[PDB]
Amino acid sequence: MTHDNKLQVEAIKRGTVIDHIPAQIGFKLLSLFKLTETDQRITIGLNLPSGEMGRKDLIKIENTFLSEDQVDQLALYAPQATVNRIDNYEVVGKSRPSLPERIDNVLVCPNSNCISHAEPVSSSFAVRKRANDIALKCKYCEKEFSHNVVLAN
Amino acid sequence: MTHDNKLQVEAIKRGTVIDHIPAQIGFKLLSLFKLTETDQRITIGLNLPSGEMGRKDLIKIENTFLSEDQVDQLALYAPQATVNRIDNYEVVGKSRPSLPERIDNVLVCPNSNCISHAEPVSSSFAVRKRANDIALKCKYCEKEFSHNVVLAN
Amino acid sequence: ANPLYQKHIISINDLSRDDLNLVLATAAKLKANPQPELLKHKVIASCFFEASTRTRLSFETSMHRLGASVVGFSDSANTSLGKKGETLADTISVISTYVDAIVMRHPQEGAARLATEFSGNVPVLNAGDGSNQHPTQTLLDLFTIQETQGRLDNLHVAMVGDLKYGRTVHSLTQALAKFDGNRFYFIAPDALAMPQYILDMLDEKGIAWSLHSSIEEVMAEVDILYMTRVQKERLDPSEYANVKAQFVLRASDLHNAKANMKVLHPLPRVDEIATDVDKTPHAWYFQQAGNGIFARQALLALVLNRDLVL
Amino acid sequence: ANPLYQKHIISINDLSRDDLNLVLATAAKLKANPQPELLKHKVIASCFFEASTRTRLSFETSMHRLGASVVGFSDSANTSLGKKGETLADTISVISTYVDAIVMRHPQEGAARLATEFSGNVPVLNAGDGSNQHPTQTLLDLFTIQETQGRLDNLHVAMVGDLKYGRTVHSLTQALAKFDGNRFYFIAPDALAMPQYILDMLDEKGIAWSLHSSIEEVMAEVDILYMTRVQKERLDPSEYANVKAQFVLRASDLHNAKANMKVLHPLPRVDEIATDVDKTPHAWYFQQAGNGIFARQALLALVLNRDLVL
Amino acid sequence: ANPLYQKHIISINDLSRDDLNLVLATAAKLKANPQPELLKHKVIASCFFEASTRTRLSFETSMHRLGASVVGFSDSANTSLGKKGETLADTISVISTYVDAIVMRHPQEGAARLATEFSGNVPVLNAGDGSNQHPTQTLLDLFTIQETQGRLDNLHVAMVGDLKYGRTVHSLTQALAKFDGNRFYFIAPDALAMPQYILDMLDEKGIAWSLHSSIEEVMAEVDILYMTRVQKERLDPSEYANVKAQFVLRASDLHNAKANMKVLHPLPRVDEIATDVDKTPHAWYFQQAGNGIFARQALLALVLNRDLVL
Ligand SMILES: O=C(O)C[C@H](NC(=O)CP(=O)(O)O)C(=O)O
Ligand SMILES: O=C(O)C[C@H](NC(=O)CP(=O)(O)O)C(=O)O
Ligand SMILES: O=C(O)C[C@H](NC(=O)CP(=O)(O)O)C(=O)O
Ligand SMILES: [Zn+2]
Ligand SMILES: [Zn+2]
């Protein structure tokens, strides 16, 4: 198991633990991923002292693994975040979210003249890394924007 | 202040603890009242085991004190909630929400023709306990709305 | 200082029975004994950002009859609020530094209330705020009902037409509900029914009200038949079927009508009342509009003048 | 007869420092001791062929405050000049045979001037002529500046926004240039920079002036921060790139501002002054507008009343 | 089956070099030896939801030259998409059950790509999707450049004018960047510059490109001077200053122009090229359009015909 050693947040039995979430980002993920829409126990810690980063957000969800809940997407909002799969109170799996080639449904193309708006289709953007500013190319209008213009739509 | 219990929460001094939040409500209070837009340490537990409520949400906010008018606003969404003020680990104060007369600068008038929109003013509604819901009367347009329809922001 | 001195006149919901009676008592006094110089050195703003014929002219006439000056606009198209994009807060912020009181009519509901938040101690009078309230119209209507009916209590009042978007009926129902024993009969399409907050309010006071599909049903019980026009300029696309008048009063429908009964109507009419009604003893919408002068003179007098009219 | 008796008030460029101080002096006297009947039997034409909220209402209010009557229009769409094709000369040839003074605002520059060539001894007062001059706006500004800074000389004045088309900054600049040691800071987009004629004029008098790309730069030296709105209704097609405010003042930008500093702004504003600024002690555009009443009363009194106000 | 058989021609970005060359080699073959019945029993939809002269007519003429039939509309005002409100999806769902191929030009970007998801195995050819792509136009440009420069690699290409909304330069730049050693000179106003995604792409390929404020600068190094029109119908209100041509080409500006250099231009021109240039040997925009017949005949042939043209 994992007891308390000057770390006031270490206890759960089988589930997902999203660590290293940047401050002011933990509440976003909770929203986008609809993580709270569940009957499972969730523990959330915001503005936690991080010798690692400085101040971090932390989330723990029991009996819930985020593999199809898009770690993909998570790669965008919390690049440095770490996802650990827990079982028997111990970290059996650990990983870093890796940038996807694309993102579908979730996002909305900034381009106001893009055909995507008035039609029966799901969004889709090709992800590409530049410099602390991920660029997104709309599948339809082919125009490109920064994740800061698309995510903060 | 807890030791001889089965609960998994511990160590907090000088802050606020909102308890007995009905399930699926803890997240609403959190977003609906901008409770996470702070630099202070926050600890939330959703779907925590509850003796009587069966299940419950739990919010703890260090170095923050909700006034009597704020605690009463909670009554619109979590009447059963219980509030304890903390300091030096001592739970000095304890209280309960009581339905307010008004709730300002929190919700947005559903009325598309309500003057409050494109104007330098903060929303405001008269709160009226009704059967099965709560009626909210815009201080501007004077239309009444179901608290289950009035949005945030 | 009388109770309404320097007070905002926004919604009937915010006035008491005493306040109303005071206006009516004053309106009667001034009607019997005019006072051409009561508001002698006053300058009042008449700000209509929406159309009006009766309210604005009667209000400005009332001001002149009391000796006050008038400045304003009858169309927000020449103002910088429209021709230059300007918030109402800013418009009220500057106009309130010029005048002694502001009379305003606006397309959006809540407009008048908002104005009070930007006019430090300059009174704001709601000349109508987009389908919500119409305080002065009510004062005019009460004055008329008391004149023809002898009282304002234990009356049978029926309201026909657009009750949903009828700011006149919202104010009038709330005021009459401040008097004892009145019974209401609401006759309107389903799509344009009286607001639930109005009905709930009536239930809370133990006021009796009931719905009806026609005027013939109640024609023989009513003391006041209050007709209204369909508020087309405020209807939503999915309601345009109501644009036309579904209930039309004709001279013949008054055959089994109480001798004392009067037909009232805020004045813009579009076939809800046949012109053959104009000649009957029951037609009372013009003398009603006429009472707008005395109700409004009294209102201006009580709000701008500290000492009650002798 | 005081010096401005029966004089046309067209451009600040034709007034002396004497005339300005005269108006301010009178404005202060009328503010402290009103004279409700000074213009008792005068009828003044308020002719606005172009939009206006503050200028037309405070002028008209001022006329009533002095006991004069008002006639006119706030839109040239009802006049026979628009609905019947008429030259301004003709419109003035007739209107000047009806009234005692003509206050006018027109979309074309020079209108006020032109008017004087057609109003036989009937004084014309320019209420704004296109993107040229706005004399009484300046008077209100000088009054406000003297009120808050205690003087009109040796001040640091910044003018931000559209300076090419701001008829207000043109007048104000030329007027402040009539006083000693004033220093100017122009913060405007290249496409809307202060006209060359103003600058050559400041040079000729040895007045110091500098251009700046931000408000932050000058925010520590300025006494008066004069914000202006982009005159969208006057821009040329090739300048629509500027229609949006390029300089936005927020309450956070005032952290290093002098205690005495005051933010002014003629008023229709549009996002170039955050409303959070309104709460700060530096915001002073609404009060600025309040003084429009005293400045205009004085101007009317000096122009239409022969003896100086006591 | 050739590489382009039954494939959608949506974006140059999805086409290889082998594909582009395949098209040009076919155009030359058909230009040399016509094949009047190659598409004898085919019916192709010509759907223009946006205006057009050269693209639609050349495309429709190409079809006839190959024996295919054409159906469609050149204005979405007669279709059920506009006169009855219909999604592009439903429009394509039905048209694709009628025809053998769909050539479409749309006002919104992404339209062609959207269309492919609704036309089960019925090829979609993008005739331009609002400011995004224009594949065929590029095939025509490639053909012409090759015809006059003898090659598609190691060329100095300058593109002048609206480069942000120029769907032609977006495709052309991407296509020429698929060949070796081409150098780009971009001459366009700041507000209408070449989109970042094209620049980043050029960098990724190590392609050389530079910006310039005039044509004169690059006039002596360019092999191709690709002029463009300002996409006035796609400009945003805050860009109307660019509606006029900032760069004008005149017969004289070509005095120091390379012998081989050719002036091109997707023809709708609005004074970006003075008519006096028409006479010079450098003008080549009318012959360019003419090449549309060959590039488009080859495209249709490859898409609707399995066996390569002999
Ligand atoms: O217009 C109506 O139907 C009723 C009522 N009417 C009036 O006030 C008369 P007017 O619009 O001429 O002032 C109103 O709500 O504005
Ligand atoms: O409108 C402006 O931006 C400045 C100035 N404004 C005013 O004088 C106020 P108004 O247009 O309301 O009379 C003007 O030039 O007319
Ligand atoms: O060159 C232009 O201005 C527009 C350009 N034009 C053409 O392709 C020629 P057309 O519009 O006649 O088909 C386009 O984007 O489609
Ligand atoms: Zn898009
Ligand atoms: Zn409202």
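Below, chain A is the first sequence line, B the second, and so on; all start at residue 1. Order of appearance sets the numbers: ligands from 1, and atoms from 1 within every ligand. Only this structure's heavy atoms are used, side chains among them; waters, hydrogens and symmetry mates stay out.
For the ligand labelled ligand 3, residue E:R56 lies outside the 4.0 Å heavy-atom shell. At least one heavy atom of E:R105 sits less than 4.0 Å from an atom of ligand 3.
With hydrogens left out, the protein atom closest to atom 13 (O) of ligand 3 is E:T55 OG1, 2.7 Å, a heavy atom. Annotation: atom 4 (C) of ligand 3 to nearest protein heavy atom, E:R229 NH2, 3.7 Å. Looking only at heavy atoms of the protein, atom 8 (O) of ligand 3 is closest to E:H134 NE2, 3.0 Å. E:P268 CD, 3.6 Å is the protein heavy atom nearest to atom 6 (N) of ligand 3.
The distance criterion of under 3.5 Å between nitrogen or oxygen atoms is not met by E:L267 with respect to ligand 3. Annotation: E:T168 places no N or O atom under 3.5 Å from an N or O atom of ligand 3; distance criterion only.
With the Zn ion (ligand 5) as the vertex, atom SG of B:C114 and atom SG of B:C109 span an angle of 100° (nearest 10 degrees). Vertex the Zn ion (ligand 4); arms to A:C141 atom SG and A:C138 atom SG; angle 100° (nearest 10°).
Taking the side-chain hydrogen bond (donor to acceptor under 3.5 Å, both in side chains) definition, one finds that C:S131 meets it with nothing, sequence neighbours left out.
Counting only distance, with no hydrogens or angles, the side chain of A:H117 and the backbone of A:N111 share a donor-acceptor pair below 3.5 Å. Between the side chain of E:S52 and the main chain of E:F48, no donor-acceptor pair closer than 3.5 Å is present. In this structure, the side chain of C:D236 does not engage the main chain of C:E239 through any donor-acceptor pair within 3.5 Å. Proximity of a side-chain donor or acceptor of E:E272 to a complementary backbone N or O of E:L249 within less than 3.5 Å is not detected. Proximity of a side-chain donor or acceptor of E:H106 to a complementary backbone N or O of E:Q108 within less than 3.5 Å is detected. Between the B:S122 side chain and the B:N105 main chain, no donor and acceptor come within less than 3.5 Å of each other.
Using a 4.5 Å heavy-atom cutoff, the side chains of B:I103 and B:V106 are in contact. Contact annotation: the side chain of A:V121 approaches that of E:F118 to within less than 4.5 Å [non-hydrogen atoms, C-beta and beyond].
At a heavy-atom cutoff of 4.0 Å, ligand 3 is contacted by the side chain of E:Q231 but not by its backbone. Contact annotation: for E:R167 versus ligand 3, heavy atoms closer than 4.0 Å belong to the side chain alone.
Which parts of ligand 3 touch E:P266 is read off a 4.0 Å heavy-atom cut-off, strictly below it: atoms 1 (O). Here is the list of ligand 3 atoms found below 4.0 Å of a heavy atom in E:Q137: 8 (O).
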